[PDB]
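Chain by chain, the residues:
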Amino acid sequence: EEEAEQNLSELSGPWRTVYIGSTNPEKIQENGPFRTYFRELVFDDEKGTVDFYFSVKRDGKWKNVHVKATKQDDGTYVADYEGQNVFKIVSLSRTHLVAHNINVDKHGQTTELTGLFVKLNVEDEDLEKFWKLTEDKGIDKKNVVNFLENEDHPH
Amino acid sequence: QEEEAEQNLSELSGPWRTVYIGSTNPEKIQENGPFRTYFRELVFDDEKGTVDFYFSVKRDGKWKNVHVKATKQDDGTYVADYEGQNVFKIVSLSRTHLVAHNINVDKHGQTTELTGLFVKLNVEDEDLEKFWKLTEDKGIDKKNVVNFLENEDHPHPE
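About the cut-offs
Residues numbered from 1 in each chain as written, not as in the entry; some residues may be left out. Chains lettered and ligands numbered in written order. Heavy atoms only, no water. Pairing = 2+ DSSP bridges. Helix = DSSP H or I, 4+ residues; strand = E, 2+ residues; numbered from the N terminus. Salt bridge = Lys/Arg side-chain N within 4 Å of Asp/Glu carboxyl O. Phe/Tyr/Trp six-rings, centres within 6.5 Å; stacked < 30°, edge-to-face > 60°. Buried < 20%, exposed > 50% of the residue type's maximum accessible area, 1.4 Å probe, protein only. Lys NZ or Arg CZ within 6 Å of the ring centre and 35° of its normal.

Q: For this particular structure, what's the right way to read the pairing of strand 6 (residues 84-92) of chain A?
A: Remember that side chains alternate between the two faces of the sheet whenever the strand is regular. Residue and element names in this part refer to chain A. Pairing geometry for strand 5 (residues 77-80) and strand 6, over four bridges, is antiparallel. Each residue of the ladder has a partner; that of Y77, found in strand 6, is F87. A loop of three residues connects strand 5 with strand 6, the two strands running antiparallel in sequence, and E82 in this loop sits at a positive phi of about 45 degrees. Both strand 6 and strand 7 (residues 96-104) contribute to a ladder of eight bridges, which runs antiparallel. Residue pairing for strand 7: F87 is matched across the bridge by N101. Hairpin connection between strand 6 and strand 7: a loop of three residues separates the two successive antiparallel strands.

Laid out in C-alpha cells, this is it:
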C-alpha cells in the first residue's frame, strides 16, 4: 500500500469537461467559443501558470486551442481568450476541478461561467497488470495502440 | 469444482474510456480495423448477468456508434457477437480500472487474441453538489448548462 507524494504538478495530465454553465447561453451554444472539450492541463508551481489544451467547433470545424493562464497575488488566474478572463478555482483535488470564470469580450459584454472537470487517472500497478497480461499472450509491443493520446491530440 | 462468485458490478456502470488495446493480429486494430474501439460507457446488470458496451469506431471514413450486449457464463466469461464470436474475460477490475482479455473468431475462422486497459471517469457527489451550488450562486439557469459527457457533438480522435 503506497501512494505518490502529492505535488501540484502531479495533477497535470488528461482532464475532461463534465458540465459548463453560462449567464449568456450564446457563448456555449453550437459554435460558441466556450463550448470547450478539455484534453490536458499542465500545472507549474514554479512559474505559477496553468496551460489549457482543449477543442472547440468554429465555422462547423473542430479547432485545437492552447491557452496559458498566469496566477495573481490574489490566487486567481488571468488569460486571454475571446476577450479578457479571470479564472477562479473553487475546489480542486486529485480528481476534480470546479471553477468560476469571468469573461469580458471585445465589445465590453460580460459573461460568468461555471465548470466541472474531472481527471483521467492511470495508476502504475494497473499499467503493469496490462503489460504482464500482454506479454503472457505473446503480443508484440509494437502491436498495441495508445487510445488515450489519440483523444488528447485529436484533429 | 470452484465455488460461486458473489458478483456486484452494478456500481461500476458509467462512462469509461479506452487507454490501450493490444492484438495478436495488427490488422484488427490499425486504422479502419474493427477493434480500434473508443469506449464511451459500460452498464453492468448483476441480475441478468450482462454488460452493455457503447463505443465508437470509424469504418471506411465514417464514424459509427455501436452498442454490444454480452452475457455471463457459468465459466465466468462473457460472450458477444461483434465482427465474429467473442469470449471476454475480466482479468483485473476495481472502481477505476478494467484489464481484459478477448478472443475473437471472425467469419473466416481466424482467431485473434486482444488485451485492453480501460479507465473509469468517476464523478463524485460531493463535487457535483459544489458545482450546482456555485452555478446557483451566479444565477445561472439549469437550462443554460451543457453536459459534455453524453453529447453527440464531440471531437474525433482520428
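Anyway, onward from the coordinates.
Q: How should I be thinking about the pattern of salt bridges in this particular structure?
A: Any two side chains of opposite charge can pair, on the condition that their charged atoms come close. Summed over the entire model, instances satisfying the criterion amount to 16 salt bridges over all chains. Among the charged side chains, a salt-bridge network with shared partners connects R16, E151 and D152 of chain A.

Q: Would you mind going over the packing of aromatic side chains with me for this structure?
A: If you walk through the whole model with that rule in mind, you get 22 aromatic pairs over all chains. Measuring from centroid to centroid gives 5.3 Å for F131 of chain B and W132 of chain B, while their planes differ by 70 degrees, and the two rings are edge-to-face. Residue classification places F131 of chain B among the buried positions, given a relative accessible area of 0%. Ring pairs connect the aromatic residues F34, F38, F52, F54, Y81, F87 and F117 of chain A, which therefore count as one cluster. Across from the ring centre of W131 of chain A, 3.4 Å away, lies the NZ or CZ of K141 of chain A, which sits over that ring. The ring of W132 of chain B has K142 of chain B lying over it, and the distance from NZ or CZ to the ring centre is 3.6 Å.

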